[PDB]
Amino acid sequence: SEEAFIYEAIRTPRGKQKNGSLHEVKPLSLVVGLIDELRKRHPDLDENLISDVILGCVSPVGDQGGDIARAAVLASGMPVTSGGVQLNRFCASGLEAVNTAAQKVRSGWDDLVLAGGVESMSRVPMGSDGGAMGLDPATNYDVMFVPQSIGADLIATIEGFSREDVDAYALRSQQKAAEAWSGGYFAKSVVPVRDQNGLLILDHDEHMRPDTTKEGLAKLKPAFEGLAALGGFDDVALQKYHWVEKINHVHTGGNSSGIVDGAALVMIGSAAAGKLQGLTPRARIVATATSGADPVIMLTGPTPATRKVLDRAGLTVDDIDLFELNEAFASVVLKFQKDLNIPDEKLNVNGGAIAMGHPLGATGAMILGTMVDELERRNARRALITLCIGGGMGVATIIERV
Amino acid sequence: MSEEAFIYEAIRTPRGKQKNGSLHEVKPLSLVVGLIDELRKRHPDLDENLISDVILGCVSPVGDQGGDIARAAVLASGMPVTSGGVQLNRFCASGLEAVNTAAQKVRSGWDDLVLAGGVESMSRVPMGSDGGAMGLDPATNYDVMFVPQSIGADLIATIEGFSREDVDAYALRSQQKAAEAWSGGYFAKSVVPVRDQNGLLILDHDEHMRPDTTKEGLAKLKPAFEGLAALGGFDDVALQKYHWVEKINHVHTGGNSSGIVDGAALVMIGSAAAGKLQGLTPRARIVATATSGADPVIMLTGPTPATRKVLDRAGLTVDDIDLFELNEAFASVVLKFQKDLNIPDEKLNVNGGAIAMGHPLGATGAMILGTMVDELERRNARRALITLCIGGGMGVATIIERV
Amino acid sequence: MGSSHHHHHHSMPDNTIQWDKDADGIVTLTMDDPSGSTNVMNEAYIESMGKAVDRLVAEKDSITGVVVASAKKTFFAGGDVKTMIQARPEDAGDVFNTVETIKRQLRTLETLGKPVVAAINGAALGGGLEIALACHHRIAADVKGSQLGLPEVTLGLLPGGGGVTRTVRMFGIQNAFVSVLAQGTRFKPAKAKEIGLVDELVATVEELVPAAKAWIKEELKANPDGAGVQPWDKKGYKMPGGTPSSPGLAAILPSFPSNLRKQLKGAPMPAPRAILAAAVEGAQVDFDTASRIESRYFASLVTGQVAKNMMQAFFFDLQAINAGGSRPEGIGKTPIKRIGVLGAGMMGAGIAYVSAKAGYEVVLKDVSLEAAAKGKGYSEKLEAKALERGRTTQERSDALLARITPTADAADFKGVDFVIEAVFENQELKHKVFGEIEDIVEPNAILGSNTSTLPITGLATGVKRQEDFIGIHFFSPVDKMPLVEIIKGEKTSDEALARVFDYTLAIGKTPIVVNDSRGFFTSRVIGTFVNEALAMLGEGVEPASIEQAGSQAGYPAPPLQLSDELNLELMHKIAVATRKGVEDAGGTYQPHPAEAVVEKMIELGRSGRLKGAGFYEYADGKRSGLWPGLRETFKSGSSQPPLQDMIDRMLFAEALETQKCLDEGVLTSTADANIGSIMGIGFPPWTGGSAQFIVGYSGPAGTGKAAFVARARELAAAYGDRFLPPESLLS
Ligand SMILES: CC(C)(COP(=O)(O)OP(=O)(O)OC[C@H]1O[C@@H](n2cnc3c(N)ncnc32)[C@H](O)[C@@H]1OP(=O)(O)O)[C@@H](O)C(=O)NCCC(=O)NCCS
Ligand SMILES: Nc1ncnc2c1ncn2[C@@H]1O[C@H](COP(=O)(O)OP(=O)(O)O)[C@@H](O)[C@H]1O
């Protein structure tokens, strides 16, 4: 029936957690910034035709509470008929926003929709919103709650991914992200953040460490002594994974996603909706899938979600030019690659969250937009975007260059 | 626009009151898990692996209601790990928005069977607990001309010329129709009594109801003085935009506004194939949905443009609709909507509303949708329209047809 | 370059700070700018403090404490206004950098690991008090004239040298905003201590540095671990009233912007809302981040037009007036012994009050003793309120009231050397009243009239000595209104001007000097304002909208409410006068569309508040809502123009009329036009005055004289030719 097309996909640069450029910037301002960029690119756009704004946000509290999407609509002076809804599907929230938008468009009841996400982790730290799975003992016991870094280490252990293997992926992420930036790949899509006076706040991905070496990564201490892991959680994991004697703690600040601030926005609509606004479609949403796996290991959700979306679209791994999986932890990406036999040169080709960071609610939309660009640059046909999710969920999307 | 979306089940908990409420001791997660177990009871042979998502509305997704309560519900109820779980917030309409989004996911053809609905324990997690920019950020608060909900409702009354007796007359009428619905057994199959870990009854009725309400009792009430309204400025802010209005008439009280309550609702939404493969009987079809809006200052004018838009897309007119259901946030909102579209009384909120039974923010949308599914079946009528006024001046409306 | 205390890091100003290190390791930094009588935050201060702070860090192993002092009569006068007014939007980067540099210096001072004590010898205002707030302890000399506060909001600015950030950490958001920031109030040293802005007081300036050094000595002995550490720089810090994420404050926080909007009445003054935004945003983050946010909001205001308007009016223009710009040149002083006031109505009563409060003997004469007594009762009621509020002692209040003597006898004007007449607007009555008195008063007495419209030249002919006859125009209510409009008639001497000018300063008011003309400056201009409002009512515009337009324009009171306070019968005969003037010269009068409305209300017996009925209904001495009959009378709602059009009609009418007054030589300076319009007839402070409005207009058309002219012409095309700009604004 109706097809869903991507007309614009933009993002902010990503600000680091410690002494970050974006720390002084409210998350709402990040979104408004991007709305003004879309308006700049299409000054003659009839905004009355935009029926919804859908924003992923993992910690909808404080600066990020109170339906931040509606706040963006009003604060940006967008029409009062333009909607505004917040959603939270953990790490995949940004992509889930794009997917929901695509599905609304396909349903025929929405014409032109803005989708994306925002996470300002330096102002609203993860876990700020509370939650029963963690903070209610009865259900914490039930689901066998475990911080995701432990699941990441468990995967490394089971799959036989060594500390060197994991660090080698991290190095390659840094290298590929630096090459993308200096190749001018991100020029069109990364929108510098500016203050109320027009002064520059941030224009690049601060978290990047392009001069990373294998020796430096080997010096880092496991995150098993970091913040999230207090005590008990190894034994909980191993109670389920009872044939595994000992968890090898391989993940560190150097080979896990960076904690960062940022936002992303995507414009999605029907062919008809684009035609009368004079927008050129950049890509088409081919299919979407929600699936999952064991919530204890937590981070193996990408595999069945990917299998499901390929099946829906009637496609196989061989039909996909580019695979983009969020780099929450190196082992998650190596597990995915192993499972589906993904060739290296097809996987996260412009680097990922280890280099550039993972602003929870925005990431899905950011890496989605990253694929729209690479497809256009490479003149390739298909990309598959997927993310691992807390609670053992998986979401995947297939896009096609138009 | 391909796959048609059908409602197979629509249930809800009773609504517990805010002060000395029966549900105060019940975690919002338990409210949801309870309703999942009811569905299990009603379809013991349902293959849950076919359920691809759970979509829950929640206006204050913090503390007990944070961390994606939908996924908490999926995991805590022992549903398959493949069954999704997503929380959403579109303020008052969140519950209907879940259902609408669920229906839209089915229509896309990428989801087959979805649980949708919502939850709010306002006694445990009060409105506003989540914060937010347009309220708590001065630069935004100034630029959006933020004003509390009640002030908008009073302004409506002022502009349209609804008196204190007018709004209280509607309040009385809601209580009467709620009591009648309960007496007639209209809610018997759909209100699921809440029980403890031991099966002991916690609550089985909508305890906010005041069935013996009188004209005289309502007249004796004081205009709204709790929360944001009691603080200064908001009248003046409102009149700065609505400058032709000299004075706001404060007609709204606790007896003609919706009640603060605890509750949850669940709707089972799927494709025709999905229902057939599982031995499920369709009860209604989602005909169309619409999202629109109006001025954020007056705020509660959103249902009119949303209703007009959904009527239009479904190719229908006011005459084609057998039942209109609009959330009773404030009396004047209902009267305004009725006045705009010339809605006949006998068609409007026929089983009573939130003034009588309460408005558990995130769940209300799904609750009143389920209310219309049951009444369409009971009256043997064909079409219902469900709509809500929303904070920030938004509107959402849905049309269902009995199958 | 990075984290530097200096403006420049590539390849010079004078030194303003004296360095003295004691045998105990205490450093005294004495501020003494050799280029003015006052210490300001200019390029020389910045470099001088840069050097000193570098030296503080370099010599830290031998420094035990610091004392910040001044060698001037005042401590520190704040930001350099001469530089700030010049800042354009493209200068936002430089302004941001300047203010960040200033604060980097203060932050080093504050986080030095040693106590720093501000020795406040005199006025510490704005940037001045911000230096002191960067210190760990504040001692002020309880001296005459000494003020402390952050008045930058009064100039359309904010405390961008840490003022916001620091007062918020000190008092919390709500108290900092309400008590200090939002209004920018000046405080006497005792009051400044009361609210925690200053820590302790000394009797004389000489005690300051010794007491400061004594404090450091004790602090190091009594509190070694926490010496030189601000409360907010400690691990256990808790902000008074809570942070924005704290439940108690979160519950009331949404009402702060609404309460301010209510207070401002929707006027376009950006500074107070910027201060609030900076306060809350600052409170959400660490000190340094909070401080940088403060700079962005500051740069926002400084490069904006309103700050320029307000800086011009409330610094430059006010200073110009206070230095005697409109006062005649080589004229000496003549101290006033006894004031005589003719008339005990609201005006005369008020004039008698403000004169008595200033310290003068007042003889208050009316036609009967009963009348004169009720006139004095006006002052008694003001003192009753002042005693209840605790703003005066009983003994001083008794003396104030004892200076006023009510009489009905003209012989009681014996020994009176200063006459202020405040009787009914009527020439022959005023002639008669002065007649009865001119021979009883001293031979050198000033003969002053409080006429609103009638030319002074005409009134003067009723006296023998016309050299001493002058217009002394007060504004209701006299106890609150700060302007005196002094009017030179043809025969008025320069000495008379000076003498009244002096009197005006002596009673604590602001003088403008105007050349004789019917309606003068103030009455003529306020007229055009209320006439525009009445015209809209006649055109069919909702009264509610008219009042809202007036308030949202920024006027202290809405125009129909004001039209009731001025009598409608006075407006009628003002129009009758102007009509007679034209018709006698054989011309044809063009009535203002408002005149038909005035006449209509007179005919309905609704001539204003004094008669109990105007555009408003009055019950029991209280105004109570607009008269419902207004809508049927004028077909209200049948004309629905843009609210901004209504605002602009009112502001533009006055701005245009002011230019005419400048053209005709009624006014002799823009300074007088601006301050006179602001203090006399409540023209909105954000505009910086009726004259400044012309050069500093901002809207859809843009900014400046050109953008004003465009909008003026746009209004003329829509509403009438009275909005066409006079030739003196064109090319
Ligand atoms: C500090 C003050 C009370 C001293 O009053 P005073 O003893 O009568 O001295 P004056 O007012 O005659 O000032 C003397 C000189 O200092 C200058 N000056 C005072 N404050 C200044 C400031 N903030 N910026 C620039 N120059 C200033 C005056 O322009 C004048 O210069 P000039 O005589 O060379 O033309 C008075 O100057 C004042 O109120 N200044 C403004 C303070 C303020 O509100 N600024 C901070 C908020 S931005
Ligand atoms: N009785 C009324 N009903 C609806 N709108 C009204 C009424 N009276 C006045 N208005 C409104 O007044 C407005 C004109 O002023 P406005 O547009 O607010 O000024 P601005 O253009 O400066 O914002 C119109 O948009 C109109 O809607």
# chains A, B, ... in the order shown; residues from 1 in each chain; ligands from 1

$ residues_around --residues "residue 196 in chain C" --least-positions-apart "4" --cutoff "12 Å" --atoms "only C-alpha atoms" --output "PyMOL selection string"
chain C and resi 133+137-139+148-149+167+170-171+175-176+179-180+187+189-192+200-201

$ residues_near_ligand --ligand "ligand 1" --cutoff "9 Å" --atoms "only C-alpha atoms and all ligand atoms" --output "compact mmCIF listing (two decimals) with N, CA, C and O atoms, in the first residue's frame"
# COMPACT_ATOMS: atom_id res chain seq x y z
N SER C 35 42.22 57.23 36.20
CA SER C 35 41.59 57.84 35.03
C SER C 35 40.13 58.26 35.27
O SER C 35 39.42 58.62 34.33
N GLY C 36 39.70 58.21 36.53
CA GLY C 36 38.36 58.62 36.91
C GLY C 36 38.27 58.72 38.41
O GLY C 36 39.17 58.28 39.13
N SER C 37 37.17 59.29 38.90
CA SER C 37 36.92 59.41 40.33
C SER C 37 36.35 58.10 40.88
O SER C 37 36.04 57.99 42.07
N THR C 38 36.23 57.11 40.01
CA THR C 38 35.50 55.90 40.32
C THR C 38 36.17 54.66 39.69
O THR C 38 36.84 54.77 38.66
N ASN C 39 36.02 53.51 40.33
CA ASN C 39 36.56 52.25 39.82
C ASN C 39 35.52 51.50 38.99
O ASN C 39 34.50 51.05 39.51
N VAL C 40 35.79 51.36 37.69
CA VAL C 40 34.90 50.62 36.78
C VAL C 40 35.59 49.45 36.10
O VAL C 40 36.82 49.39 36.02
N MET C 41 34.78 48.53 35.60
CA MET C 41 35.27 47.32 35.00
C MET C 41 35.63 47.61 33.55
O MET C 41 34.93 47.20 32.62
N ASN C 42 36.71 48.35 33.37
CA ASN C 42 37.22 48.66 32.03
C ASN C 42 38.44 47.81 31.69
O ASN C 42 38.86 46.98 32.49
N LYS C 73 36.21 57.25 47.07
CA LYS C 73 35.11 57.47 48.02
C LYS C 73 34.13 56.30 47.97
O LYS C 73 33.55 55.93 49.00
N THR C 74 33.97 55.73 46.78
CA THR C 74 33.18 54.52 46.57
C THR C 74 34.10 53.30 46.43
O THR C 74 35.29 53.43 46.11
N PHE C 75 33.55 52.12 46.68
CA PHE C 75 34.28 50.87 46.52
C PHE C 75 34.51 50.58 45.03
O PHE C 75 35.62 50.75 44.52
N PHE C 76 33.45 50.17 44.32
CA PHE C 76 33.53 49.87 42.89
C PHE C 76 32.19 50.16 42.21
O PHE C 76 31.14 49.72 42.69
N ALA C 77 32.23 50.90 41.10
CA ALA C 77 31.03 51.40 40.42
C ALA C 77 30.42 50.46 39.35
O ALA C 77 29.40 50.77 38.74
N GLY C 78 31.06 49.32 39.11
CA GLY C 78 30.50 48.31 38.22
C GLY C 78 31.03 48.32 36.80
O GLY C 78 32.15 48.78 36.54
N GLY C 79 30.23 47.79 35.88
CA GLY C 79 30.62 47.65 34.49
C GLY C 79 30.76 48.99 33.79
O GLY C 79 30.07 49.94 34.14
N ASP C 80 31.65 49.04 32.81
CA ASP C 80 31.87 50.25 32.02
C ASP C 80 30.72 50.43 31.02
O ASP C 80 30.65 49.73 30.01
N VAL C 81 29.84 51.38 31.32
CA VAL C 81 28.65 51.64 30.49
C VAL C 81 29.01 52.27 29.15
O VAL C 81 28.34 52.03 28.14
N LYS C 82 30.08 53.06 29.12
CA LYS C 82 30.53 53.68 27.88
C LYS C 82 30.94 52.65 26.81
O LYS C 82 30.72 52.88 25.62
N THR C 83 31.49 51.52 27.24
CA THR C 83 31.80 50.41 26.33
C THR C 83 30.57 49.54 26.05
O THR C 83 30.35 49.10 24.91
N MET C 84 29.76 49.30 27.08
CA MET C 84 28.64 48.38 26.96
C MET C 84 27.56 48.86 26.00
O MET C 84 27.00 48.05 25.25
N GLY C 122 32.63 52.19 50.58
CA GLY C 122 31.57 53.00 50.01
C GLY C 122 30.76 52.21 49.01
O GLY C 122 30.78 50.98 49.02
N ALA C 123 30.04 52.91 48.14
CA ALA C 123 29.17 52.27 47.17
C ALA C 123 29.85 51.09 46.45
O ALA C 123 30.92 51.24 45.87
N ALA C 124 29.21 49.93 46.55
CA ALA C 124 29.59 48.74 45.78
C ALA C 124 28.37 48.32 44.95
O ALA C 124 27.45 47.67 45.47
N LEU C 125 28.36 48.71 43.68
CA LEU C 125 27.18 48.52 42.83
C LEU C 125 27.49 47.72 41.58
O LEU C 125 28.41 48.06 40.82
N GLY C 126 26.70 46.67 41.36
CA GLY C 126 26.82 45.83 40.17
C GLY C 126 28.12 45.05 40.17
O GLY C 126 28.39 44.31 41.11
N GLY C 127 28.92 45.24 39.12
CA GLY C 127 30.25 44.64 39.04
C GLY C 127 31.02 44.81 40.34
O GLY C 127 31.79 43.93 40.74
N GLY C 128 30.80 45.94 41.01
CA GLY C 128 31.43 46.23 42.29
C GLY C 128 31.10 45.23 43.38
O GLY C 128 31.99 44.71 44.05
N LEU C 129 29.81 44.96 43.56
CA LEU C 129 29.36 44.00 44.55
C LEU C 129 29.71 42.56 44.14
O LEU C 129 29.92 41.69 44.99
N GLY C 145 25.60 57.79 52.54
CA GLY C 145 25.53 57.67 51.08
C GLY C 145 25.90 56.31 50.51
O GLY C 145 25.66 56.04 49.33
N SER C 146 26.48 55.45 51.35
CA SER C 146 26.96 54.13 50.92
C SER C 146 25.81 53.23 50.48
O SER C 146 24.84 53.03 51.23
N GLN C 147 25.91 52.70 49.27
CA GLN C 147 24.91 51.79 48.72
C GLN C 147 25.54 50.48 48.27
O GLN C 147 26.67 50.46 47.81
N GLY C 149 24.31 46.90 45.98
CA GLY C 149 23.29 46.19 45.21
C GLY C 149 23.72 45.83 43.80
O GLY C 149 24.82 46.18 43.36
N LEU C 150 22.83 45.14 43.09
CA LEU C 150 23.06 44.73 41.71
C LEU C 150 21.97 45.34 40.82
O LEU C 150 20.98 44.68 40.51
N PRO C 151 22.17 46.60 40.40
CA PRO C 151 21.13 47.32 39.67
C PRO C 151 21.16 47.16 38.16
O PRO C 151 20.48 47.91 37.45
N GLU C 152 21.90 46.18 37.64
CA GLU C 152 22.04 46.08 36.19
C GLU C 152 20.72 45.85 35.42
O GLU C 152 20.58 46.28 34.28
N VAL C 153 19.74 45.20 36.06
CA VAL C 153 18.41 45.04 35.46
C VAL C 153 17.75 46.40 35.15
O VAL C 153 17.01 46.52 34.18
N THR C 154 18.05 47.41 35.96
CA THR C 154 17.52 48.75 35.74
C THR C 154 18.13 49.42 34.50
O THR C 154 17.65 50.45 34.05
N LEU C 155 19.20 48.82 33.96
CA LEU C 155 19.83 49.29 32.73
C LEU C 155 19.63 48.30 31.59
O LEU C 155 20.25 48.42 30.53
N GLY C 156 18.75 47.33 31.81
CA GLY C 156 18.42 46.32 30.80
C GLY C 156 19.50 45.26 30.66
O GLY C 156 19.61 44.62 29.63
N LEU C 157 20.28 45.09 31.73
CA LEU C 157 21.38 44.14 31.75
C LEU C 157 21.15 43.09 32.83
O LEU C 157 20.08 43.06 33.43
N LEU C 158 22.12 42.21 33.05
CA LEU C 158 22.08 41.32 34.21
C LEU C 158 23.43 41.29 34.92
O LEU C 158 24.42 41.71 34.33
N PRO C 159 23.47 40.83 36.19
CA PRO C 159 24.75 40.69 36.89
C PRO C 159 25.61 39.57 36.29
O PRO C 159 25.59 38.44 36.77
N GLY C 184 16.87 44.95 41.16
CA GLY C 184 18.17 45.62 41.27
C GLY C 184 18.18 46.77 42.26
O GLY C 184 18.61 47.87 41.94
N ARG C 186 19.06 49.17 45.41
CA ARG C 186 20.21 49.66 46.17
C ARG C 186 19.90 49.51 47.65
O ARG C 186 18.79 49.79 48.08
N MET C 311 20.10 51.84 29.06
CA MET C 311 21.41 52.42 29.35
C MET C 311 21.44 53.91 29.01
O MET C 311 21.93 54.72 29.79
N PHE C 314 18.70 55.69 31.60
CA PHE C 314 18.88 55.54 33.04
C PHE C 314 20.32 55.67 33.51
O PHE C 314 20.59 55.65 34.71
N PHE C 315 21.25 55.80 32.56
CA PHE C 315 22.61 56.18 32.89
C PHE C 315 22.94 57.54 32.30
O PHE C 315 23.02 58.53 33.04
N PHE C 316 23.10 57.61 30.98
CA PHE C 316 23.53 58.85 30.32
C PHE C 316 22.59 60.04 30.49
O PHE C 316 23.02 61.08 30.98
N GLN C 319 22.12 61.10 34.29
CA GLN C 319 23.36 61.75 34.72
C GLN C 319 23.44 63.18 34.19
O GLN C 319 23.77 64.11 34.92
N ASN C 322 21.01 65.30 36.17
CA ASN C 322 21.47 65.48 37.54
C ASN C 322 22.70 66.38 37.69
O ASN C 322 22.97 66.90 38.77
N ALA C 323 23.44 66.57 36.59
CA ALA C 323 24.61 67.44 36.58
C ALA C 323 24.26 68.89 36.20
O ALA C 323 25.15 69.73 36.06

$ residues_near_ligand --ligand "ligand 2" --cutoff "6 Å" --atoms "only C-alpha atoms and all ligand atoms" --output "list in words"
residues 244 of chain B; 637, 640, 641, 642, 643 and 644 of chain C

$ write_last_selection --atoms "N, CA, C and O atoms" --output "short mmCIF file (atom, residue, chain, number, x, y, z; two decimals), in the first residue's frame"
data_model
loop_
_atom_site.label_atom_id
_atom_site.label_comp_id
_atom_site.auth_asym_id
_atom_site.auth_seq_id
_atom_site.Cartn_x
_atom_site.Cartn_y
_atom_site.Cartn_z
N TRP B 244 -9.44 40.01 24.69
CA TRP B 244 -10.82 40.48 24.60
C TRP B 244 -11.67 39.99 25.75
O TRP B 244 -12.80 40.46 25.93
N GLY C 637 -16.30 45.01 19.62
CA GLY C 637 -16.10 43.73 18.93
C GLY C 637 -16.19 43.81 17.41
O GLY C 637 -15.78 42.88 16.71
N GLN C 640 -11.54 44.48 15.06
CA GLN C 640 -10.62 43.55 15.70
C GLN C 640 -9.21 43.64 15.11
O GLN C 640 -8.75 42.70 14.47
N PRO C 641 -8.51 44.78 15.34
CA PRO C 641 -7.18 44.95 14.76
C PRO C 641 -6.13 44.15 15.51
O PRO C 641 -6.39 43.71 16.64
N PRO C 642 -4.95 43.95 14.90
CA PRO C 642 -3.84 43.30 15.60
C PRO C 642 -3.53 44.01 16.92
O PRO C 642 -3.46 45.24 16.95
N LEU C 643 -3.34 43.25 17.99
CA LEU C 643 -2.97 43.80 19.29
C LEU C 643 -1.73 44.68 19.18
O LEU C 643 -1.67 45.75 19.78
N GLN C 644 -0.75 44.22 18.40
CA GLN C 644 0.47 44.98 18.15
C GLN C 644 0.20 46.33 17.47
O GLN C 644 0.92 47.29 17.73
#

$ closest_residue --among "B:308, B:177, B:90, B:205" --to "residue 23 in chain B" --atoms "only C-alpha atoms"
B:205

$ interface_residues --of "chain A" --to "chain C" --cutoff "7 Å" --atoms "only C-alpha atoms" --output "ChimeraX atom specification"
/A:24,62,197,199

$ select_by_dssp --residues "range 67-256 of chain A" --states "strand (DSSP E or B)" --output "list in words"
residues 85, 86, 87, 88, 89, 91, 112, 113, 114, 115, 116, 117, 118, 119, 120, 130, 190, 193, 194, 200, 201, 202 and 256 of chain A

$ atom_distance --atom1 "CA of residue 59 in chain A" --atom2 "CA of residue 129 in chain A"
5.5 Å

$ interface_residues --of "chain B" --to "chain C" --cutoff "7 Å" --atoms "only C-alpha atoms" --output "VMD selection string"
chain B and resid 135 to 136 138 to 139 141 to 142 231 to 234 236 to 237 240 243 to 246

$ closest_residue --among "A:311, A:373, A:211, A:167" --to "chain B" --atoms "only C-alpha atoms"
A:311

$ residues_around --residues "residue 120 in chain A" --least-positions-apart "3" --cutoff "12 Å" --atoms "only C-alpha atoms" --output "PyMOL selection string"
chain A and resi 12+14-17+20-31+56-65+117+123-126+128+259-264+357-363

$ closest_residue --among "A:228, A:180, A:287, A:9" --to "chain B" --atoms "only C-alpha atoms"
A:287

$ residues_around --residues "range 219-230 of chain B" --least-positions-apart "6" --cutoff "8 Å" --atoms "only C-alpha atoms" --output "ChimeraX atom specification"
/B:148,150-151,164-165,168,250-255 /C:251-252,255

$ atom_distance --atom1 "CA of residue 367 in chain B" --atom2 "CA of residue 95 in chain B"
7.7 Å

$ atom_distance --atom1 "CA of residue 114 in chain B" --atom2 "CA of residue 203 in chain B"
27.3 Å

$ closest_residue --among "A:237, A:166, A:250, A:395" --to "chain B" --atoms "only C-alpha atoms"
A:395

$ closest_residue --among "A:13, A:216, A:127, A:108" --to "residue 105 in chain B" --atoms "only C-alpha atoms"
A:108

$ closest_residue --among "B:66, B:28, B:184, B:80" --to "residue 119 in chain B" --atoms "only C-alpha atoms"
B:28

$ residues_around --residues "residue 34 in chain B" --least-positions-apart "4" --cutoff "12 Å" --atoms "only C-alpha atoms" --output "PyMOL selection string"
chain B and resi 11-14+26-30+38-41+73-74+76-77+119+191-197+199+202+263-266
